[PDB]
Amino acid sequence: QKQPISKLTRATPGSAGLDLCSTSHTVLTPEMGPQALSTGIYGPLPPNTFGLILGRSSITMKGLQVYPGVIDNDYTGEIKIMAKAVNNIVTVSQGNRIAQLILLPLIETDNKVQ
Amino acid sequence: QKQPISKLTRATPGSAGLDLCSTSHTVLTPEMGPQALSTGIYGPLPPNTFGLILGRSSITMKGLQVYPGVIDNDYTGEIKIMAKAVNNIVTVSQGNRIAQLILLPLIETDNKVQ
Amino acid sequence: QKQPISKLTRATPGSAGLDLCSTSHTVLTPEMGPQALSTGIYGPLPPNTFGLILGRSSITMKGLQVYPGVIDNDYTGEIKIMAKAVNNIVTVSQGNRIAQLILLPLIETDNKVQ
Ligand SMILES: O=c1ccn([C@H]2C[C@H](O)[C@@H](COP(=O)(O)NP(=O)(O)OP(=O)(O)O)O2)c(=O)[nH]1
Ligand SMILES: O=c1ccn([C@H]2C[C@H](O)[C@@H](COP(=O)(O)NP(=O)(O)OP(=O)(O)O)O2)c(=O)[nH]1
Ligand SMILES: O=c1ccn([C@H]2C[C@H](O)[C@@H](COP(=O)(O)NP(=O)(O)OP(=O)(O)O)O2)c(=O)[nH]1
Ligand SMILES: [Mg+2]
Ligand SMILES: [Mg+2]
Ligand SMILES: [Mg+2]
């Protein structure tokens with residue numbers, strides 16, 4: 001906060017995603033349903049791109065589901081992770097990488113804005 | 001019905017997704033599991049693109065999960081939204097925007113058709 | 001095993017995804033939560049691409065959720081499908097197509113590797 005996406009890092013040079021961590025310690029239970037986790041990272045995105053927030057596989061396998069999120073090109077708010085404990089109680093420590101941002105080309109169309 | 005994807009609209013000029021609404025009022029409960037919601041919008045998609053159906057974040061946070069769906073380039077059927085109430089009873093009013101279509105480049109490969 | 005992604009096939013010429021089958025018969029129950037299903041298919045991916053593993057819609061509607069998975073460009077391990085039975089007991093027969101691989105352009109950025 002406020003940190004831009006240029007501050008994120010890749011696990012490795014060939015990693016498709018930029019890792020996202022929560023800035024808070026959060027405990028999630030299945031009955032809580034979707035929770036929006038703060039990242040302290042803000043849009044916007046590089047020109048002609050949009051973002052997809054996806055889970056990391058190791059986190060998904062530990063029972064924390066990240067719902068795929070679309071980040072619009074010109075979003076300037078805080079990127080949050082939408083997360084749910086699937087079956088069990090899940091504990092997110094401050095700073096642990098819990099999702100990833102993928103950048104994709106934004107295709108232009110003639111669809112109207114409405 | 002039958003309406004083509006060119007009829008969809010963007011929330012804003014920089015919105016990555018084209019919004020999809022259900023043409024029916026639908027109530028979903030968790031025990032129902034995945035339901036396919038009618039949109040009255042039909043493929044196919046622009047040349048060299050395919051589609052991804054994703055949830056809208058505000059709808060996801062209200063407890064309606066949209067399962068990511070792939071729309072093939074030459075699909076000419078009705079685009080449906082695969083949806084589930086996560087934890088609670090969810091009510092979809094006719095016309096409310098419940099998902100979004102994202103267009104992505106379709107990469108060509110030499111993989112066989114089988 | 002070890003089979004490369006070039007061995008996968010498309011349902012049809014205009015299908016966005018390359019189908020993935022499990023090499024094992026697997027039974028899944030909701031209380032099991034996420035399971036990683038073996039495919040016997042291995043990265044890496046074509047240059048300048050990364051992969052997304054998504055469910056097939058017919059499988060999603062039958063109550064088997066595939067969590068979207070990111071496949072890094074230079075991953076050389078086995079591509080596994082992360083799957084959960086949503087509400088009911090689901091049975092995956094050996095060889096049935098249970099997910100699909102989508103290839104997408106890998107955008108280069110100046111983000112650091114850390
Ligand atoms: O996982 C997410 C998804 C969205 N977002 C932010 C960025 C995105 O540009 C913004 C809007 O997201 P979506 O459109 O999915 N949401 P919705 O349609 O409900 O809001 P709007 O009508 O403003 O587009 O919410 C996140 O921070 N995390
Ligand atoms: O959310 C979705 C997903 C798919 N679809 C439609 C468009 C897509 O081209 C078509 C086939 O989808 P998938 O392949 O995911 N499905 P499946 O592999 O089960 O059917 P097929 O063997 O015909 O490809 O179903 C939707 O309408 N909504
Ligand atoms: O559904 C999936 C997701 C990932 N994978 C493999 C390929 C991918 O390159 C590798 C790493 O995946 P992610 O990064 O999502 N995982 P995580 O961040 O937990 O591991 P790492 O720190 O190595 O990137 O796991 C699959 O086989 N199936
Ligand atoms: Mg990773
Ligand atoms: Mg929106
Ligand atoms: Mg298919």
# chains A, B, ... in the order shown; residues from 1 in each chain; ligands from 1
call {"tool": "select_by_dssp", "arguments": {"residues": "stretch 10-96 of chain A", "states": "helix (DSSP H, G or I)", "output": "MDAnalysis selection string"}}
result
chainID A and resid 30:32 57:61
call {"tool": "residues_around", "arguments": {"residues": "residue A:20", "least_positions_apart": "2", "cutoff": "12 Å", "atoms": "only C-alpha atoms", "output": "PyMOL selection string"}}
result
chain A and resi 3-11+17-18+22-23+37-42+52-56+59+66+78-82+94-102
call {"tool": "write_last_selection", "arguments": {"atoms": "N, CA, C and O atoms", "output": "compact mmCIF listing (two decimals), in the first residue's frame"}}
result
# COMPACT_ATOMS: atom_id res chain seq x y z
N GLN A 3 1.09 -0.04 -3.34
CA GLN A 3 2.14 -0.58 -4.15
C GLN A 3 1.58 -0.99 -5.51
O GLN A 3 0.52 -1.57 -5.56
N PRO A 4 2.29 -0.67 -6.59
CA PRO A 4 1.83 -1.02 -7.94
C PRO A 4 2.19 -2.44 -8.33
O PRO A 4 2.97 -3.11 -7.63
N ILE A 5 1.62 -2.92 -9.43
CA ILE A 5 1.90 -4.32 -9.78
C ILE A 5 3.35 -4.55 -10.14
O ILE A 5 3.81 -5.69 -10.10
N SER A 6 4.07 -3.49 -10.49
CA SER A 6 5.49 -3.63 -10.83
C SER A 6 6.29 -4.14 -9.64
O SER A 6 7.43 -4.58 -9.81
N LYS A 7 5.73 -4.06 -8.43
CA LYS A 7 6.43 -4.56 -7.22
C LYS A 7 6.31 -6.05 -7.02
O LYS A 7 7.04 -6.64 -6.21
N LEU A 8 5.38 -6.69 -7.75
CA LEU A 8 5.27 -8.13 -7.58
C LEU A 8 6.45 -8.85 -8.18
O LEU A 8 7.11 -8.34 -9.10
N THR A 9 6.64 -10.08 -7.71
CA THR A 9 7.71 -10.92 -8.24
C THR A 9 7.20 -12.26 -8.79
O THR A 9 6.10 -12.71 -8.46
N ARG A 10 8.02 -12.85 -9.66
CA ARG A 10 7.82 -14.20 -10.22
C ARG A 10 8.60 -15.18 -9.41
O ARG A 10 9.69 -14.84 -8.93
N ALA A 11 8.06 -16.38 -9.24
CA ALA A 11 8.77 -17.45 -8.51
C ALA A 11 10.07 -17.77 -9.24
O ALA A 11 11.13 -17.93 -8.63
N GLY A 17 2.73 -16.56 -13.43
CA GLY A 17 2.01 -15.69 -12.51
C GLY A 17 2.92 -14.85 -11.65
O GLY A 17 4.09 -15.19 -11.43
N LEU A 18 2.37 -13.71 -11.24
CA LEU A 18 3.05 -12.82 -10.27
C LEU A 18 2.42 -13.10 -8.95
O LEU A 18 1.20 -13.01 -8.80
N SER A 22 -1.26 -12.05 1.23
CA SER A 22 -2.20 -11.21 1.99
C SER A 22 -1.39 -10.44 3.00
O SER A 22 -0.38 -10.90 3.54
N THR A 23 -1.84 -9.23 3.23
CA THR A 23 -1.14 -8.39 4.17
C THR A 23 -1.65 -8.64 5.57
O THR A 23 -1.15 -8.04 6.52
N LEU A 37 -9.45 -11.00 0.48
CA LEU A 37 -8.21 -10.78 1.21
C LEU A 37 -7.40 -9.62 0.63
O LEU A 37 -7.23 -9.51 -0.56
N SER A 38 -6.92 -8.76 1.51
CA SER A 38 -6.21 -7.56 1.11
C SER A 38 -4.82 -7.93 0.66
O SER A 38 -4.17 -8.82 1.22
N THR A 39 -4.33 -7.25 -0.37
CA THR A 39 -2.97 -7.53 -0.82
C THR A 39 -2.06 -6.32 -0.71
O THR A 39 -0.85 -6.45 -0.80
N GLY A 40 -2.66 -5.15 -0.61
CA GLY A 40 -1.86 -3.91 -0.60
C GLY A 40 -1.27 -3.57 -1.97
O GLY A 40 -0.50 -2.62 -2.08
N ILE A 41 -1.65 -4.33 -3.01
CA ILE A 41 -1.20 -4.09 -4.40
C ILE A 41 -2.37 -3.52 -5.15
O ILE A 41 -3.53 -3.97 -4.98
N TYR A 42 -2.06 -2.56 -6.02
CA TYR A 42 -3.08 -1.78 -6.71
C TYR A 42 -2.91 -1.86 -8.20
O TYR A 42 -1.77 -1.86 -8.72
N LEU A 52 -5.84 -11.87 -14.55
CA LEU A 52 -6.64 -12.91 -13.95
C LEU A 52 -5.97 -13.27 -12.65
O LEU A 52 -4.78 -13.54 -12.65
N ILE A 53 -6.72 -13.29 -11.54
CA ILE A 53 -6.21 -13.77 -10.24
C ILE A 53 -6.62 -15.23 -10.17
O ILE A 53 -7.79 -15.53 -10.34
N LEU A 54 -5.64 -16.10 -9.97
CA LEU A 54 -5.89 -17.54 -9.81
C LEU A 54 -5.19 -18.04 -8.57
O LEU A 54 -4.27 -17.40 -8.05
N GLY A 55 -5.59 -19.22 -8.11
CA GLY A 55 -4.93 -19.79 -6.94
C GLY A 55 -3.55 -20.30 -7.31
O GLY A 55 -3.24 -20.57 -8.49
N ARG A 56 -2.74 -20.50 -6.28
CA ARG A 56 -1.50 -21.26 -6.49
C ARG A 56 -1.83 -22.71 -6.25
O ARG A 56 -2.63 -23.01 -5.36
N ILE A 59 -1.56 -24.07 -2.70
CA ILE A 59 -2.51 -23.49 -1.77
C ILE A 59 -3.88 -24.12 -2.01
O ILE A 59 -4.60 -24.53 -1.08
N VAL A 66 -9.15 -20.20 -4.35
CA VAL A 66 -9.23 -18.80 -4.81
C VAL A 66 -10.19 -18.78 -6.01
O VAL A 66 -10.01 -19.50 -7.01
N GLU A 78 -7.46 -1.62 -4.98
CA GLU A 78 -6.60 -2.62 -4.42
C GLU A 78 -7.02 -3.97 -4.99
O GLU A 78 -8.22 -4.28 -5.14
N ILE A 79 -6.03 -4.73 -5.40
CA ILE A 79 -6.30 -6.07 -5.94
C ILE A 79 -6.59 -6.96 -4.72
O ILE A 79 -5.81 -7.03 -3.76
N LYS A 80 -7.77 -7.56 -4.67
CA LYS A 80 -8.04 -8.43 -3.54
C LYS A 80 -8.20 -9.85 -4.05
O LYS A 80 -8.52 -10.12 -5.21
N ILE A 81 -7.94 -10.77 -3.16
CA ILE A 81 -8.08 -12.18 -3.50
C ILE A 81 -9.38 -12.68 -2.92
O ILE A 81 -9.62 -12.58 -1.72
N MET A 82 -10.21 -13.29 -3.76
CA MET A 82 -11.46 -13.84 -3.26
C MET A 82 -11.19 -15.29 -2.91
O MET A 82 -10.81 -16.07 -3.81
N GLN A 94 0.26 -13.75 7.51
CA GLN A 94 0.68 -12.52 6.89
C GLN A 94 1.88 -12.84 6.01
O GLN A 94 2.83 -13.51 6.46
N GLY A 95 1.84 -12.39 4.75
CA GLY A 95 2.99 -12.56 3.86
C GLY A 95 3.07 -13.87 3.09
O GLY A 95 3.93 -14.04 2.22
N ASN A 96 2.22 -14.84 3.41
CA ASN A 96 2.30 -16.05 2.63
C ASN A 96 1.62 -15.81 1.27
O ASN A 96 0.65 -15.06 1.13
N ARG A 97 2.24 -16.40 0.25
CA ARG A 97 1.75 -16.22 -1.12
C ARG A 97 0.50 -17.07 -1.30
O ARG A 97 0.56 -18.29 -1.16
N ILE A 98 -0.63 -16.43 -1.60
CA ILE A 98 -1.88 -17.18 -1.60
C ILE A 98 -2.58 -17.16 -2.97
O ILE A 98 -3.64 -17.77 -3.14
N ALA A 99 -2.05 -16.39 -3.91
CA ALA A 99 -2.65 -16.37 -5.25
C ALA A 99 -1.59 -15.88 -6.23
O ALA A 99 -0.46 -15.55 -5.88
N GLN A 100 -1.99 -15.82 -7.49
CA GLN A 100 -1.10 -15.29 -8.49
C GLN A 100 -1.87 -14.46 -9.50
O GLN A 100 -2.99 -14.76 -9.83
N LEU A 101 -1.22 -13.42 -10.00
CA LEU A 101 -1.76 -12.62 -11.06
C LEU A 101 -1.17 -12.99 -12.38
O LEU A 101 0.04 -12.95 -12.57
N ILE A 102 -2.06 -13.32 -13.32
CA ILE A 102 -1.66 -13.61 -14.69
C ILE A 102 -2.07 -12.45 -15.58
O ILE A 102 -3.18 -11.92 -15.45
call {"tool": "closest_atom_pairs", "arguments": {"of": "chain B", "to": "chain C", "cutoff": "10 Å", "atoms": "only C-alpha atoms", "output": "JSON lines"}}
result
{"residue": "B:30", "atom": "CA", "partner": "C:87", "partner_atom": "CA", "distance": 8.3}
{"residue": "B:31", "atom": "CA", "partner": "C:87", "partner_atom": "CA", "distance": 6.8}
{"residue": "B:32", "atom": "CA", "partner": "C:87", "partner_atom": "CA", "distance": 8.1}
{"residue": "B:33", "atom": "CA", "partner": "C:87", "partner_atom": "CA", "distance": 6.2}
{"residue": "B:34", "atom": "CA", "partner": "C:61", "partner_atom": "CA", "distance": 5.5}
{"residue": "B:35", "atom": "CA", "partner": "C:61", "partner_atom": "CA", "distance": 7.0}
{"residue": "B:36", "atom": "CA", "partner": "C:61", "partner_atom": "CA", "distance": 7.7}
{"residue": "B:48", "atom": "CA", "partner": "C:14", "partner_atom": "CA", "distance": 9.3}
{"residue": "B:49", "atom": "CA", "partner": "C:16", "partner_atom": "CA", "distance": 8.6}
{"residue": "B:50", "atom": "CA", "partner": "C:16", "partner_atom": "CA", "distance": 6.3}
{"residue": "B:51", "atom": "CA", "partner": "C:16", "partner_atom": "CA", "distance": 8.5}
{"residue": "B:52", "atom": "CA", "partner": "C:54", "partner_atom": "CA", "distance": 9.9}
{"residue": "B:67", "atom": "CA", "partner": "C:60", "partner_atom": "CA", "distance": 7.7}
{"residue": "B:68", "atom": "CA", "partner": "C:54", "partner_atom": "CA", "distance": 7.1}
{"residue": "B:69", "atom": "CA", "partner": "C:57", "partner_atom": "CA", "distance": 6.5}
{"residue": "B:70", "atom": "CA", "partner": "C:16", "partner_atom": "CA", "distance": 7.3}
{"residue": "B:71", "atom": "CA", "partner": "C:16", "partner_atom": "CA", "distance": 7.4}
{"residue": "B:72", "atom": "CA", "partner": "C:15", "partner_atom": "CA", "distance": 5.0}
{"residue": "B:73", "atom": "CA", "partner": "C:14", "partner_atom": "CA", "distance": 5.6}
{"residue": "B:74", "atom": "CA", "partner": "C:14", "partner_atom": "CA", "distance": 5.6}
{"residue": "B:75", "atom": "CA", "partner": "C:14", "partner_atom": "CA", "distance": 8.0}
{"residue": "B:80", "atom": "CA", "partner": "C:57", "partner_atom": "CA", "distance": 9.9}
{"residue": "B:81", "atom": "CA", "partner": "C:57", "partner_atom": "CA", "distance": 9.9}
{"residue": "B:82", "atom": "CA", "partner": "C:61", "partner_atom": "CA", "distance": 7.4}
{"residue": "B:83", "atom": "CA", "partner": "C:61", "partner_atom": "CA", "distance": 9.3}
{"residue": "B:84", "atom": "CA", "partner": "C:86", "partner_atom": "CA", "distance": 9.5}
{"residue": "B:86", "atom": "CA", "partner": "C:86", "partner_atom": "CA", "distance": 9.8}
{"residue": "B:104", "atom": "CA", "partner": "C:104", "partner_atom": "CA", "distance": 7.8}
{"residue": "B:105", "atom": "CA", "partner": "C:104", "partner_atom": "CA", "distance": 7.1}
{"residue": "B:106", "atom": "CA", "partner": "C:16", "partner_atom": "CA", "distance": 6.5}
{"residue": "B:107", "atom": "CA", "partner": "C:103", "partner_atom": "CA", "distance": 6.5}
{"residue": "B:108", "atom": "CA", "partner": "C:103", "partner_atom": "CA", "distance": 9.0}
{"residue": "B:109", "atom": "CA", "partner": "C:6", "partner_atom": "CA", "distance": 8.5}
{"residue": "B:110", "atom": "CA", "partner": "C:6", "partner_atom": "CA", "distance": 7.4}
{"residue": "B:111", "atom": "CA", "partner": "C:9", "partner_atom": "CA", "distance": 5.5}
{"residue": "B:112", "atom": "CA", "partner": "C:9", "partner_atom": "CA", "distance": 5.0}
{"residue": "B:113", "atom": "CA", "partner": "C:10", "partner_atom": "CA", "distance": 4.6}
{"residue": "B:114", "atom": "CA", "partner": "C:9", "partner_atom": "CA", "distance": 5.4}
call {"tool": "atom_distance", "arguments": {"atom1": "atom CA of residue B:45", "atom2": "atom CA of residue B:76"}}
result
8.5 Å
call {"tool": "atom_distance", "arguments": {"atom1": "atom 17 (P, counted along the ligand's line) of ligand 3", "atom2": "atom CA of residue C:90"}}
result
26.1 Å
call {"tool": "atom_distance", "arguments": {"atom1": "atom CA of residue B:58", "atom2": "atom 21 (P, counted along the ligand's line) of ligand 1"}}
result
7.2 Å
call {"tool": "select_by_dssp", "arguments": {"residues": "chain C", "states": "strand (DSSP E)", "output": "PyMOL selection string"}}
result
chain C and resi 3-4+9-10+18-21+26-28+35-37+41-42+49-55+64-66+69-71+81-85+90-92+97-105+112-113
